[PDB]
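Any value given below was found using the heavy atoms of this structure, including those in side chains, with hydrogens, waters and symmetry copies removed. Chain identifiers are assigned alphabetically (A, B, ...) following the order of the sequence lines, protein sequences preceding nucleic acid strands; residue numbering begins at 1 within each chain.
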Amino acid sequence: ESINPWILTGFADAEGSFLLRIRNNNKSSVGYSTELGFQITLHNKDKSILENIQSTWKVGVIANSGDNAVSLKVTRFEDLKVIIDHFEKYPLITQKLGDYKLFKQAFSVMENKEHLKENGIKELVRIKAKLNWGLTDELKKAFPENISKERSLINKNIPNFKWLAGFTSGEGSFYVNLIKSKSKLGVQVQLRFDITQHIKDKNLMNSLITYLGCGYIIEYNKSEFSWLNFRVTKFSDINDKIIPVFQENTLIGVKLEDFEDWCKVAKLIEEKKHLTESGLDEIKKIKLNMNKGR
DNA sequence: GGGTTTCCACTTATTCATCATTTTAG
DNA sequence: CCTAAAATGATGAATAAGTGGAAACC
Ligand SMILES: [Ca+2]
Ligand SMILES: [Ca+2]
Ligand SMILES: [Cl-]
């Protein structure tokens, strides 16, 4: 089941990461060795996702990242041409696009073997200064005259539902909310669909309302950090707008199981079973084995 | 063969995913 | 009164991003 290209790009927009290493080295002529590529680090439970991407691209290496995480790292230079070809045809739409554009400029440098010359390294430092978290303190000290062009902010729209499926497979969450009460059955079942993302992509998060015709944005905070949360709680919207989208565009990873259990609860709610004692017991049993409970 | 590339074990701060009670809407 | 929907209030950790060391390679 080779992963769909757009589903792969949506997943890369969520958990992808481009890397450009500029390491001190005595065994190098210009006194610096480099390493370029793209990586994905997931929990061990979704190692199959990495194995599928590796098999779909016929590129990349897989290794453990601790006792609870796996990573797909592709740094073989000629193998980076598969990455560029994919993202040229199926482009990223988050701020990570700016990181991919720098990753390409770095590829063009190393393809010419300029990274072996001094000016090539000065150019790669130029590019790395705007990539991800920027230059290290050691590099800043080694390149005090470094001057990089301004990095313009990204703003792209959701291309199709395949991308949304891939992005939701990484950032999404399907939740069965058991609103306790001193009522008849004592519990009100409420399905919830959440997508979380940093505020730096507020435009993309805000567009979800019009793209899916439902939901609302909630601003969250934690320490000095903050992020947005696209949420859907109206059952009719969940049953008619959210569920049909991810059934026609299949999710990947373990979250597909949580989505399938999520849909079974929707079927019982649609049939008014959530208002009966036995039906409520089934909703609970389903919730026990979802998400962290699986 | 020696500079360079590639792999592999390993680390870390926070943006994620996931959590649930309380309140309001209809 | 009864049920649905939203608002409120919360945090552990799977992420994104990075690093050390050296075998593989051309
Ligand atoms: Ca992300
Ligand atoms: Ca994820
Ligand atoms: Cl549309």
Side-chain angles (χ1 to χ4, degrees), chain A residues 12-26 28-29 31-46 60-71 73-80 94-96 99 110 113 115-116 128 131-134 136 168-179 181 183 187-201 214-216 218-229 231-238 253-255 258 269 272 274-275 287 290-294:
Chain A
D13 258 314
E15 340 268 36
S17 186
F18 294 91
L19 59 92
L20 171 58
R21 309 180 69 177
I22 301 180
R23 318 173 66 177
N24 275 108
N25 194 4
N26 61 278
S28 178
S29 303
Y32 280 99
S33 60
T34 61
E35 184 173 6
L36 187 68
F38 155 87
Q39 62 176 343
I40 307 174
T41 305
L42 306 174
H43 186 275
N44 284 335
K45 77 180 68 175
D46 287 305
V61 180
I62 295 179
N64 293 337
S65 182
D67 304 82
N68 300 119
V70 285
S71 80
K73 293 175 178 290
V74 52
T75 53
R76 197 173 199 85
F77 194 80
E78 293 288 333
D79 285 353
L80 304 187
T94 67
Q95 301 308 312
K96 193 176 305 302
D99 296 311
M110 295 179 58
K113 276 59 169 54
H115 60 294
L116 308 178
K128 179 186 181 63
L131 169 66
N132 293 336
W133 293 341
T136 65
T168 299
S169 289
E171 319 296 61
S173 192
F174 306 90
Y175 186 67
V176 184
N177 204 21
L178 299 188
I179 300 175
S181 170
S183 65
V187 181
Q188 173 204 350
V189 187
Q190 175 187 55
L191 293 175
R192 194 162 71 207
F193 171 58
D194 282 315
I195 291 184
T196 51
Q197 191 72 345
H198 191 273
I199 67 177
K200 73 181 181 182
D201 273 308
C214 62
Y216 46 98
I218 308 175
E219 292 171 274
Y220 276 93
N221 291 268
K222 176 168 167 54
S223 281
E224 83 263 50
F225 316 108
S226 62
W227 73 90
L228 299 171
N229 187 345
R231 176 173 298 175
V232 180
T233 47
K234 179 170 295 181
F235 174 74
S236 87
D237 285 330
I238 281 184
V254 174
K255 197 184 304 301
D258 295 318
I269 295 177
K272 304 303 178 179
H274 71 293
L275 305 179
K287 171 166 180 289
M290 301 197 330
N291 304 330
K292 289 191 174 188
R294 182 173 308 278

| message | Closest-nucleotide mapping onto DNA chain C: is A:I218 or A:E15 further toward the 5' terminus? I mean the 5' end. | response | A:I218

| query | Hey, which of these two, A:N221 or A:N68, hits DNA chain C nearer its 5' end, going by closest nucleotide? | reply | A:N221

Please state the [atom1] separation for the pair [N] and [M] - nearest whole angstrom.
N: B:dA17; M: C:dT8; atom1: P; result: 24 Å
N: B:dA13; M: B:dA9; atom1: P; result: 23 Å
N: C:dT15; M: B:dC10; atom1: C1'; result: 16 Å
N: C:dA10; M: B:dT15; atom1: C1'; result: 15 Å

Donor-acceptor pair present, [X] side chain and [N] base, under 3.5 Å:
X: A:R192; N: B:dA20; value: yes
X: A:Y220; N: B:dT15; value: no
X: A:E171; N: B:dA17; value: no

Side chains of [X] and [Y]: closer than 4.5 Å at any heavy-atom pair?
X: A:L116; Y: A:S29; value: no
X: A:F174; Y: A:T168; value: yes
X: A:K222; Y: A:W227; value: yes
X: A:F18; Y: A:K96; value: yes
X: A:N24; Y: A:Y32; value: yes

Does [N] have OP1 or OP2 under 4.0 Å away from a side-chain N or O of [X]?
X: A:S17; N: C:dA17; answer: yes
X: A:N291; N: B:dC19; answer: yes
X: A:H43; N: B:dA17; answer: no
X: A:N132; N: C:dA17; answer: yes
X: A:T196; N: B:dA17; answer: no
X: A:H274; N: C:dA4; answer: yes
X: A:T41; N: C:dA16; answer: no
X: A:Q197; N: B:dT15; answer: no
X: A:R76; N: B:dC7; answer: yes
X: A:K292; N: C:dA14; answer: no
X: A:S65; N: B:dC10; answer: no
X: A:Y175; N: B:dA20; answer: yes

Tell me: [atom1] of [X] to [atom2] of [N], nearest whole Å?
X: A:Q39; N: B:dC7; atom1: CD; atom2: P; result: 13 Å
X: A:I195; N: C:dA14; atom1: CD1; atom2: P; result: 20 Å
X: A:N177; N: C:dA10; atom1: CG; atom2: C1'; result: 13 Å
X: A:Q190; N: B:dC19; atom1: CD; atom2: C1'; result: 13 Å
X: A:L36; N: B:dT6; atom1: CG; atom2: P; result: 11 Å
X: A:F193; N: C:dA6; atom1: CZ; atom2: P; result: 15 Å
X: A:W227; N: C:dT15; atom1: CH2; atom2: P; result: 16 Å
X: A:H198; N: B:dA17; atom1: NE2; atom2: P; result: 14 Å

| message | Side chains of A:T94 and A:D201 only: does a donor on one sit below 3.5 Å from an acceptor on the other? | response | no

| task | Taking atom types as modelled, find out whether A:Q39 and A:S71 have a side-chain donor-acceptor pair closer than 3.5 angstrom. | result | no

| field | Nearest-nucleotide 5' precedence on DNA chain B, A:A63 against A:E78 | value | A:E78

| field | Qualifying residues under side chain to side chain contact (heavy atoms under 4.5 Å, CB included), relative to A:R231, sequence neighbours excluded | value | A:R192, A:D194, A:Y216, A:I218, A:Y220, A:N229, A:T233

Have a look at [X] and say if it touches a base, only the backbone sugar-phosphate, or nothing, with a 4.0 Å heavy-atom cut-off.
X: A:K96; value: sugar-phosphate
X: A:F235; value: sugar-phosphate
X: A:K73; value: base

| request: Tell me whether the sugar of B:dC19 sits north or south, going by the sign of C1'-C2'-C3'-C4' (positive is north, negative is south). | output: north

Selected nucleotide, minimal atom distance to [X] side chain, candidates [options]:
X: A:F77; options: C:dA17, B:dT6, B:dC8; result: B:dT6
X: A:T75; options: B:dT6, C:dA17, B:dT18; result: B:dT6
X: A:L116; options: B:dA20, B:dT4, B:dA17; result: B:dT4

